[PDB]
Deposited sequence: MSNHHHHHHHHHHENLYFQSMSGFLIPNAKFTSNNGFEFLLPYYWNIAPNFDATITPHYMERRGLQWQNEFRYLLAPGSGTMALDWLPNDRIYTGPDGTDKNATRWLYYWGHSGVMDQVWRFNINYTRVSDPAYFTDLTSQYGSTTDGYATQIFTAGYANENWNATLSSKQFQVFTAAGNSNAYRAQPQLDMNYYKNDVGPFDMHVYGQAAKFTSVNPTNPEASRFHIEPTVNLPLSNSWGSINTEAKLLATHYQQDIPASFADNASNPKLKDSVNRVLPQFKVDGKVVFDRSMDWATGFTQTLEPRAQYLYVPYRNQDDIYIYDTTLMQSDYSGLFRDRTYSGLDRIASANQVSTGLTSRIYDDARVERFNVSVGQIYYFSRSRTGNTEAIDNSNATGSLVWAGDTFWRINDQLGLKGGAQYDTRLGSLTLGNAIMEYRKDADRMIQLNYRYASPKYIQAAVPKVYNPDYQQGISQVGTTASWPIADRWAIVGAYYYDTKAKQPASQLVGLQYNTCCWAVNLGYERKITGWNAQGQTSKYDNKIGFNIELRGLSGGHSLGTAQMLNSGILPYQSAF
């Protein structure tokens, strides 16, 4: 029961001029909702935004259709369409039916690459480089589970969309069994079909089986775990002739077998003590060591489908995989060691925490022949500190000798009393070389440096029924704001009124460098967090 109009809202943007929102709420059933919203845009046209929410036994979900008939600005991707129709379709679903059935949908499709640049939606932003289209249905009980999936992506560049691989379909299966004698056993399996739009690119069917036997020895203090794993993979790669006769392309093989055994031994111990002058507090000292061995296997005859360099933080030090997917299994012959100290107080609250770890390589990690070689090459650390009941601090850093010392680092401090008072400082750094290594096809600093971003966010009451929010993010190398948000709120017996300004980097001018910004200043009534969660860098509460 609510089927009326909703109080309108308005705004003024640097790209669409004056904008006017007039929402209408339907209320079809206790478990069905709809919203139809004319959205006038001075310079662009009249948009219609439809949102349909449902709640059923297979799960809860939301569908959405945005439709703008006659765009008077857009022209085309090709530079020439004129009077084109802008549209967006969204479907999200999540649910566990009858405890054993599992359904998940994350589908987004737009009419053109420049949609989110020009139009505002809850299902996208100017930071997005593509749209995700994923369907997932699976069964699961205590002993095993299986999952069928369709994974496809709409990349907002011709090149990206053309060469973007799809998983269609993907089958993931897991079988578990404890107490198989002294061991715990686990078998994982996968069957996938990778295809892409570009006819030149190879298609592939990949099958993978991976049994794992585990000997876990646990205690009140410390624990050790021995693990034997078998990685078995078969590839059926269909390779077009045009691909094989390229002067720059790798010689792929039609049928590929890869079988690699993996040995891992991982141990951890927990010392502790009552601190001396400070009585009641406890300091814990937790050493951890892991040896990993995987033999080398040349995999140049396998193409890349779903495989990228995984990003390692302090935890990732003890991860047995370097890459994602299954197209590259690096040889391993290394020891990862780490030390974790904790501090508990009177009430057994973890108040301080610090971890430092490292990886020592006995031999080079390889995946092929396409080649600062051994020793302690990777370092990583993180830290957390509960300064008081309302103030928190945490941060982390990563080093790789092969990429020139420091690669990643970040720190964030946050104060918060209730949900009216909040302050947050943060800094993020990423070396150029790290970006060039971890995510290629977006390399060294050709105008694209590493990351060095300082950020502040706040929400504070200032008068009797007044409230102000702010958010400033600054790029220190380019010496310019990345994002900025200033806001006021007014309260009375009723609820709240919100007024806000926002200026963000939204594009790039190719000639004579410089970045393209956009302005927004608007009003709604229908706050605080709702305004904090609106920019390209929305507020996420730390801790």
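- In sequence order, the deposited residues that have no C-alpha coordinates form the ranges 1-19, 391-395, 551-560.
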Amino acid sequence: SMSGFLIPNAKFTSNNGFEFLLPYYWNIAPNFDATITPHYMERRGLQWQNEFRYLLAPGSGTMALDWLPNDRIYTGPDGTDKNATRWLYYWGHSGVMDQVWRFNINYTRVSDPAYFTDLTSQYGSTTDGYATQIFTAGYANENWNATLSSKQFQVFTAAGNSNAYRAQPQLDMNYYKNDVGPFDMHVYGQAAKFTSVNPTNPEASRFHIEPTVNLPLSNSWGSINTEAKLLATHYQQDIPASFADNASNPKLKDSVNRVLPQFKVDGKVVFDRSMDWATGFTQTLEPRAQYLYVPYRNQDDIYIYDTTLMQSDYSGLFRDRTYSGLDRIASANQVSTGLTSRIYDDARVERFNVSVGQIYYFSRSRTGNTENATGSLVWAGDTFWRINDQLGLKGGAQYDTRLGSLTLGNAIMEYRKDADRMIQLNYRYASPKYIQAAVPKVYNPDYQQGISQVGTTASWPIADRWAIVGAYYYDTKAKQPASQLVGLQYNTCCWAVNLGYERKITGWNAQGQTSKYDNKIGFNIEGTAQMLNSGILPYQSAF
From here on, numbers count along this sequence of modelled residues.
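- The stretch with the higher mean CA B factor, choosing between 68-76 and 421-429, is 68-76.
- Here the stretch with the larger average CA B-factor, out of 173-181 and 86-94, is 173-181.
- Per the PDB record, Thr279 has a higher Cα B-factor than any other of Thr226, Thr279, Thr456, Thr308.
- As recorded in the entry, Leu55 carries the highest CA temperature factor of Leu46, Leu485, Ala34, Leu55.
- Annotation for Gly507: CA B-factor lies in the lowest third of the chain's modelled residues.
- Residue-level temperature factors show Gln133 in the middle third of its chain, judged at the C-alpha atom.
- In the deposited entry, the Cα temperature factor of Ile105 places it in the middle third of its chain's modelled residues.
- Ranked within its chain, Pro30 lands in the highest third, by CA B factor from the PDB record.
- When the modelled residues of the chain are ordered by C-alpha B-factor, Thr62 sits in the lowest third.
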